[PDB]
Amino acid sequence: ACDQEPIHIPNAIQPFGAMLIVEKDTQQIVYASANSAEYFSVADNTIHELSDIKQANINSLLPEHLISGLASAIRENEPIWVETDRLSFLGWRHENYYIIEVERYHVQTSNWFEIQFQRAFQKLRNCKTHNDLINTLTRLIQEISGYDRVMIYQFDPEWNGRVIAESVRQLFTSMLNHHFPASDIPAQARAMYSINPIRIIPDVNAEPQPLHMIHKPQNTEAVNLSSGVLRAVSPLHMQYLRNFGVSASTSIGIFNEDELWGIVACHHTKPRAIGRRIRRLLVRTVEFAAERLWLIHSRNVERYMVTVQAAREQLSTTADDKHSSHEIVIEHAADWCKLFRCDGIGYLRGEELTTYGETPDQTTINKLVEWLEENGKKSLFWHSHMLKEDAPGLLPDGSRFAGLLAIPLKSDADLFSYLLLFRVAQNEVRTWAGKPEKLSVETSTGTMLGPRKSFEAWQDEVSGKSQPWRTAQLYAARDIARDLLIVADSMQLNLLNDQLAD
C-alpha cells in the first residue's frame, strides 16, 4: 500500500512558486494555488488576494508567448519555459488542461554555466572506468548544486538499491556501500522520473500550498501535476527525509535507455534553493555521464571477448604442440580461473579427471556428473550460484562450494565429458541504512506504513551463494570447453583408427 498513494494528484504544491490550472477549450482558470496572489502581483498591482485571480483574465496573467506555445504544442506533458523580467513560467498541456507553474526570476548574465558545463564534459570524457565515471559524476553534481551529500544509488533487479559512489562534505555521515530496501522508493515514485527526470524539495519543512478551485471545471477529478516541479511531497517521504537528517533534497534519474538504472541523490542539512538553469545544468550533466557510462560498460564487453579470444589462441598453441587436453588444462587452468572468476576447474573425459584449484573431491565430482547427466541435460550449459538449493543431496554437508558452471562435452556417446567450474560461497556482509524492516505501523509517529526512524548502519549476512554466472562467462567457458573436446576427439580418432587397423 506504499505504491497506492496517488502522488500524481496531491492537489497541493511546494511553496517555492505558484500554480494555475486552465481548461484548454474554455480558457477558464479552474485551479490556483493559495499563494498565487503573491506571485502574480509582481506583474500587476491590482492583485492583492486569491479572489483577484478569479476576476483575472488568463491573457492578463500570462506572457503572450506562453499562451501561444501552449496553444500550438502538439505533445502532452512537454513543458514550455518562458521568462519575463521578473517571472519564470513553466507550462504544459495535460488532457483538457494547461498547467502553469511560476517561480520568481531575474536576469543576471554570466558565463558560469557554460564554464561549468565545459569542465563537466571534459572530466566525464576522461573517465575510462566505471569507478572513475561515477565518482566524477558525484563530485560534479556537488560542485554545481552545492548540496552537501551527493550519492549514486543503483537499483538491483528487485528495486532494492545500493549507494556506490559518494561525495559528502560535512555535517553528513557517509552512506557509501549502504543498502536500501525497495520500499524507500515505491513504484509510482520511480515512475515519476520518466515524466520529469529531476525532483526538487528545496525545504522539507515548508508547508504545502493547496490548490483552490477558482472557476468550476467541467470535470471535478484531480489533475495530474506530474510534469512540473512544484508538485507537493508525500508526507511519508517528508518524514523519511526528516528521519534521514535532511532539510532539502534533489534527485535525478539515471536512465539506461527507458530503464531507470539508478539515481543521483543529493541532500543538504539546510533549506537550499537552486534555480531552473542549475536544474537543467544538472540534468544535462547526468545525461552525458550516463551515455559515457553505458559506453564504458559496452566497451568492457568487447574487451572481455578479446581476452577470451586471447585465451583460446593460447590454448590452440599448446594444442598444436601435440599436448593432450589433460595437459592443456594443467597448463592454463589458472588463467581460466581469472578469465571466469571461479576458484577451481575440473575437466572430465571418461574415467579421466583433471583438476585445478578449489574443487570438490573426485567422488562428489562423479555424483555431480551423474546428476547433470540425468537432470541437467537439455541445456548448452548448466549453472548455479546456490548449488545446495538447486541440486540438493549432492554436495557433502557443510561444503563450501556454492557455484557451479558445467559444460557437457558428450551426449548419447560411449563416455561422459564435462568442463566444470566451481565457485566457493562468498559470505557477503551487507550494511543497511537501518534495519530493512517491512512496513506495518510506526508507533513513534502513529503513521500507517511509516518510514524507519534510524538510518544507522545495520549488518546482515547472506551465505551459501557465490557471484551469479555472467552470460559472457557462460559462453566463453562453453567455447573453452569445446576447444578441449576437439583436441580429445582428435586423439581418440587417431587411437581408434589404429585399433581398427589392427
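Throughout, we count residues from 1 along the sequence that is shown.
The PDB entry reports B-factors from which the mean C-alpha value can be compared for 31-39 and 453-461; the larger average falls on 453-461. The deposited model assigns a higher average Cα B-factor to 169-177 than to the other stretch when 169-177 and 353-361 are compared.
Of the residues listed, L339, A319, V424, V150, the entry assigns the biggest Cα temperature factor to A319. Set against one another, the Cα B-factors of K270, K378, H297, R199 in the record reach their highest point at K378. Residue-level temperature factors show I486 in the middle third of its chain, judged at the C-alpha atom.
Among all modelled residues in this chain, the alpha-carbon of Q14 has a temperature factor (C-alpha) in the lowest third. The deposited CA B-factor of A391 belongs to the highest third of values across its chain. In the PDB entry, a CA B factor belonging to the lowest third of its chain's modelled residues is recorded for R279. In the deposited entry, the Cα temperature factor of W432 sits in the middle third of values across the chain's modelled residues.
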